[PDB]
Amino acid sequence: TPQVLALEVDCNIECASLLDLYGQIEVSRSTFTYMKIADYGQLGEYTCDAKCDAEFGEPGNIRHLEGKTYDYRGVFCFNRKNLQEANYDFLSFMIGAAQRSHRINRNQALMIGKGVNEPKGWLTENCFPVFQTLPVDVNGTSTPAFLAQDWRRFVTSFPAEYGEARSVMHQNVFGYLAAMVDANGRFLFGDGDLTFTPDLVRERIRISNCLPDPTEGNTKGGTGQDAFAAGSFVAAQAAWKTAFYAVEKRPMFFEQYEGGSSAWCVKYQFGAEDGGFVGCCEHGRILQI
Amino acid sequence: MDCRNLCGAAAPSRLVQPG
Amino acid sequence: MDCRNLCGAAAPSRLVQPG
Amino acid sequence: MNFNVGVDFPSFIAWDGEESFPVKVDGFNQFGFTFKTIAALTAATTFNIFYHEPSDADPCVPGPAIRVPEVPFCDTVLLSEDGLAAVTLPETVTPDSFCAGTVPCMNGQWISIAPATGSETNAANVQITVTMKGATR
Amino acid sequence: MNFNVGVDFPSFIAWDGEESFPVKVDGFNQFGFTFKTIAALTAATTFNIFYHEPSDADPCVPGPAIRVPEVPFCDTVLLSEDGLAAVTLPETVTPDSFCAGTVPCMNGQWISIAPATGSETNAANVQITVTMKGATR
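Here it is in structure tokens:
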């Protein structure tokens, strides 16, 4: 007889995730609304102690704006007798894979959500201030390129008053950066180390592969071969706990779709409700070509 | 007398600072 | 209508990225 | 005590009798439809709804005009021959009484209303405009 | 899930860029103006505001155009020429950038907006609508 152990290999990668960085907000019935405090107007004037009167100042705006939340639905069958036999539990696996697919679709939505019935992605919305690299004039052509100087000047130019802000990019980008060399043949940044290794634990490096990389796979743009493609996205940096907000309404729910199911079949119905919006995009900044 | 909206222009920029 | 198969012809690849 | 209701529900012209007007519903997320006649009607009139996508030229300018497929709710009895959403202003509507309308599911970044063919003479006496509700930014 | 917002804050055309239109506000209690530029302007453009009375020939037709007077409050120390409600949209107001306005105190039966003398050619490139609020009829 065969032996049964209690381990299960997965061998399936989801992605890197950016749902932890965004400002989490739990909500209720749809059409949420909140405040948009615009700018505190200069109230005082400063005073010499001579006059028996003050002077007024400009007021500010509030702009109680709002937003809608979107939903996610799905259905799937099951045989009835096939479920009692066939020792493995198909039901829990379907539940888990549905929650996971919903999670990955949520992650894709918050980044590149295309407007209509799609949580407006902060990439396509584009109210973030964006800087771009400068081209280099190799043998008199001024081709678009990118070196570490542009990276620093992008990361440092951030106003530290906003608080500590996280920077995100693709792992192909991290690799291409780490693969930079001086004229000596010596390394570049991330110098002293046979380690390199993207620790990235909290400090300013963070990687997601389900972001658009400007390396077109690899060995592209930047490479001894064909030059780089301009206008391509590179990286972002924001205080996501306040730069962009993700809103949740109802956990993934499943239900036996009574009606359409019989003593020989079962039909199910699952759904959930979530969304996201931009917070103060005047915090985060983007790097392009 | 006021509202707000800013298309998206966003005019990406360079930094340039050599020695 | 499905199965899986492979033998280890995972011929290694190069990376080079100069500046 | 009137509130400034231009900072909420800003309205835009859609059809001034003889000219369509693409309105951008990107930032907003609820919007309706208001029809106002200015003179007497002759026959019933219909209007075709169209929607636009961001033209590759400029991301916040409209592109072409594609018809809008209507989705019917539960408890519907017919389907417009093509399935494309279109509204009807019936005959015998006095020019001092508004009419309301709303597509239940939007698509695209610009909405547009056009006088349905064979009913363009009456369109002059019709004025259509839309307000919005959401801000989102 | 855009609700039918035709009812519950409808709107109408007030200034098409070529001629004004009286829009009844008697059946409402709050209202405001939404301005929108169709092209780049040339200077700060002024608009005069007027209110009408029911022409005793017919209680539902336009009478004369009385000019609503400007009303101040605490910090308003910039009164106009003895007081007249009039607005002015400054320069640096591009397309896809709408503006909002209202009148502090109601008077008459309906409002109307007209290009102030000198701002006509620029008014030819602006669209103004009116949206109401709160009505009970």
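Line by line, the protein sequences give chains x, 0C, 0D, 8 and 9.
So the number in PDB author numbering is just where the residue sits in the first sequence, counting from 1, plus 175.
Take the second sequence: its position 17, counted from the start at 1, is 17 in PDB author numbering, and no numbers get skipped.
Take the third sequence: its position 9, counted from the start at 1, is 9 in PDB author numbering, and no numbers get skipped.
Take the fourth sequence: its position 85, counted from the start at 1, is 85 in PDB author numbering, and no numbers get skipped.
Take the fifth sequence: its position 51, counted from the start at 1, is 51 in PDB author numbering, and no numbers get skipped.
No residue lacks a Cβ here, since even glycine has one placed at the ideal position from N, Cα and C.
Contact criterion: CB-CB distance below 8 Å. Does residue i meet it with respect to chain 0C?
i	result
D75 (chain 9)	no
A100 (chain 9)	yes
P62 (chain 8)	no
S97 (chain 9)	yes
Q199 (chain x)	no
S332 (chain x)	yes
So which residues of chain x does residue i contact, with C-beta pairs closer than 9 Å?
i	result
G19 (chain 0C)	Within 9 Å Cβ-Cβ: nothing; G19 (chain 0C) doesn't reach chain x, min ~11 Å.
Smallest Cα separation from residue i: which of the options?
i	options	result
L15 (chain 0C)	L352 (chain x), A323 (chain x), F364 (chain x)	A323 (chain x)
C190 (chain x)	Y247 (chain x), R381 (chain x), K295 (chain x)	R381 (chain x)
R238 (chain x)	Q127 (chain 8), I128 (chain 8), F3 (chain 8)	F3 (chain 8)
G32 (chain 9)	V130 (chain 9), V23 (chain 9), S11 (chain 9), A135 (chain 9)	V130 (chain 9)
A402 (chain x)	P387 (chain x), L258 (chain x), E423 (chain x), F321 (chain x)	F321 (chain x)
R278 (chain x)	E241 (chain x), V422 (chain x), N257 (chain x), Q431 (chain x)	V422 (chain x)
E70 (chain 9)	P95 (chain 9), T121 (chain 9), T102 (chain 9)	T102 (chain 9)
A43 (chain 8)	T88 (chain 8), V61 (chain 8), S97 (chain 8), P104 (chain 8)	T88 (chain 8)
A123 (chain 9)	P72 (chain 9), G6 (chain 9), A39 (chain 9), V5 (chain 9)	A39 (chain 9)
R377 (chain x)	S342 (chain x), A447 (chain x), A229 (chain x), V179 (chain x)	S342 (chain x)
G242 (chain x)	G6 (chain 8), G27 (chain 8), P62 (chain 8), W15 (chain 8)	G27 (chain 8)
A181 (chain x)	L258 (chain x), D214 (chain x), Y263 (chain x), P426 (chain x)	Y263 (chain x)
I128 (chain 9)	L84 (chain 9), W15 (chain 9), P104 (chain 9), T136 (chain 9)	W15 (chain 9)
Taking 8 Å as the threshold (beta carbon to beta carbon), is residue i in contact with chain 0D?
i	result
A354 (chain x)	yes
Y351 (chain x)	yes
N393 (chain x)	yes
CB residue i to CB residue j, shorter than 8 Å?
i	j	result
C385 (chain x)	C252 (chain x)	no
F9 (chain 8)	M106 (chain 8)	no
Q109 (chain 9)	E53 (chain 9)	yes
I464 (chain x)	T308 (chain x)	yes
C456 (chain x)	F303 (chain x)	yes
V348 (chain x)	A410 (chain x)	yes
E81 (chain 9)	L41 (chain 9)	no
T46 (chain 8)	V126 (chain 8)	no
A86 (chain 9)	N48 (chain 9)	yes
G459 (chain x)	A413 (chain x)	yes
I113 (chain 8)	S20 (chain 8)	yes
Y420 (chain x)	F429 (chain x)	no
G118 (chain 9)	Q30 (chain 9)	no
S383 (chain x)	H345 (chain x)	yes
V23 (chain 9)	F12 (chain 9)	yes
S205 (chain x)	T244 (chain x)	yes
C7 (chain 0C)	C60 (chain 8)	yes
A404 (chain x)	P389 (chain x)	yes
residue 465 (chain x)	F306 (chain x)	The requested residue 465 (chain x) does not occur in the structure, where chain x is confined to residues 176 to 464.
Nearest chain x C-beta to residue i closer than 8 Å, yes or no?
i	result
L15 (chain 0D)	yes
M1 (chain 8)	no
Is there a Cβ from chain 8 that is less than 8 Å from the Cβ of residue i?
i	result
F419 (chain x)	no
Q109 (chain 9)	no
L240 (chain x)	yes
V305 (chain x)	no
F408 (chain x)	no
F452 (chain x)	yes
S11 (chain 9)	yes
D16 (chain 9)	yes
Applying a beta-carbon distance threshold of less than 9 Å, which residues of chain 8 neighbour residue i?
i	result
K243 (chain x)	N29, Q30, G134, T136
Which chain 0D residues are close to residue i, counting only those with a beta carbon under 7 Å from its beta carbon?
i	result
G397 (chain x)	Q17
What in chain x is Cβ-close to residue i, meaning under 8 Å?
i	result
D26 (chain 8)	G290
Which bits of chain 0D does residue i rub up against, with CB to CB less than 8 Å?
i	result
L322 (chain x)	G19
Could you work out which residues of chain 0C lie near residue i, taking near to mean beta carbons separated by less than 9 Å?
i	result
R328 (chain x)	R14, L15, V16, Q17
Starting from the beta carbon of residue i, find every residue of chain 0C whose beta carbon is closer than 8 Å, and list them in chain order.
i	result
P59 (chain 8)	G8
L285 (chain x)	Under the 8 Å cutoff, chain 0C gives no residues; its nearest Cβ is about 19 Å from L285 (chain x).
Residues of chain 0C with a CB under 7 Å from the CB of residue i: which are they?
i	result
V7 (chain 8)	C3
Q463 (chain x)	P12
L309 (chain x)	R14, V16
According to DSSP, which residues form a beta bridge with residue i?
i	result
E201 (chain x)	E423 (chain x)
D16 (chain 8)	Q127 (chain 8)
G451 (chain x)	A421 (chain x)
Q463 (chain x)	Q307 (chain x)
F50 (chain 8)	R67 (chain 8), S112 (chain 8)
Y443 (chain x)	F251 (chain x), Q431 (chain x)
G32 (chain 9)	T131 (chain 9)
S11 (chain 9)	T131 (chain 9)
Listing by chain order, which chain 9 residues have their CB less than 8 Å from the CB of residue i?
i	result
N4 (chain 8)	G32, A100, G101, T102
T129 (chain 8)	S11, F12, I13, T129
Could you name the residues of chain 8 that residue i contacts, counting a contact when the two beta carbons are closer than 8 Å?
i	result
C302 (chain x)	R137
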